[PDB]
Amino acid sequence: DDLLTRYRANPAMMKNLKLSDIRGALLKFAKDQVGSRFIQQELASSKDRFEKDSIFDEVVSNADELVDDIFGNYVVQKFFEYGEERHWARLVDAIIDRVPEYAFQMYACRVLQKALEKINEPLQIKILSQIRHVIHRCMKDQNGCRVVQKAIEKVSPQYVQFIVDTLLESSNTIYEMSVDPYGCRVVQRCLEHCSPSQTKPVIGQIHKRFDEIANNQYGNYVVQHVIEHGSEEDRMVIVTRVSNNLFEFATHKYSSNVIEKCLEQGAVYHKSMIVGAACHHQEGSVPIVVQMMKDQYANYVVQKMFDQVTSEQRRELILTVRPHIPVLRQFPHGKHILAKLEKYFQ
């Protein structure tokens, strides 16, 4: 029987097994649940750097078979850790040709993410040179988008310009990514980490189809990131569009969160625009803030208004809603809605 069957049989019988004992059994050990845990434990606990190197040639030689294995991917990742710098370059060479497909695989993509998290900028750039070949499809992928997000978090902005240029490759690409469950996460990282010269055309593209993206189940989060990471003029264009169309935005499922984001991140003069729209007379109807309090989504928006505005801005909300309180108690959940506001009407 081979070393692994023997070691799996009685684990404690070989409490004195060492990494240099594995030798040619590394592949079988790494693809085995018990074997892989042994290798990992030894790599993390051994103080012998020559033990740790004794298995590295077999890791490199079997790299393609290990990176997308349920148990072997951990073994490969061990050699991208801080403490194995001396191995990083050799290990990138071992996987580089197949990075374009590793990015889509559920185990291998965790190797790529660990590499980008740990390795120096020349090696990151090398990995991204392969990602560049599959970048559009990669951004829309459950696995590939995690690789792209890590690249944006960990590489200097100038070396992800190719990703920004993919978001800008065609008129509708930013829309297509913003409404994709995976592509929307890439747009968000870009907004968080890219330079102002990179984010400005991206935000400009989002603005052109703003109403659709704001009410999309994924796009509303993209718009929320524009509010938080865009410029003052961006917030102003957004607050201005939201104020002018306050009832439409507040009474839809996803765009209602966009208004809440404006209230949390907004300057006093943005809040004042939203409050003024909310309290405007409307000669032939009740004020918009009252209609919103009757609505399944907008009542949370009104609650957020009261919680976020100045005392003087609360004054106008209180003076506008209080006449209509009796009617509002009747409506569905109207009891609870006004209860959560009682502290402002006491």
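The first residue of the shown sequence is 1; numbering continues from there.
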**Request:** Check whether residue 283 goes without coordinates in at least a third of the other compared PDB entries of this protein that model residues on both sides of it.
**Result:** yes
**Request:** Decide which of the stretches 185 to 193 and 272 to 280 has the higher mean C-alpha B-factor, going by the entry.
**Result:** 272 to 280
**Message:** Per the record, averaged over C-alpha atoms, which has the higher B-factor: 70 to 78 or 153 to 161?
**Reply:** 153 to 161
**residue 320 by Cα B-factor - lowest, middle or highest third of the modelled chain** = highest
**Request:** Looking at the entry's B-factor column for C-alpha atoms only, identify whether residue 224 ranks in the lowest, middle or highest third of its chain.
**Result:** lowest
**Complete:** The third of the chain into which the C-alpha temperature factor of residue 265 falls is the highest
**Position of residue 285 among the chain's modelled residues by C-alpha B-factor, lowest, middle or highest third** = highest
**Fill in**
Quick tally, chain-level thirds of C-alpha B-factors: residue 36 sits in the lowest
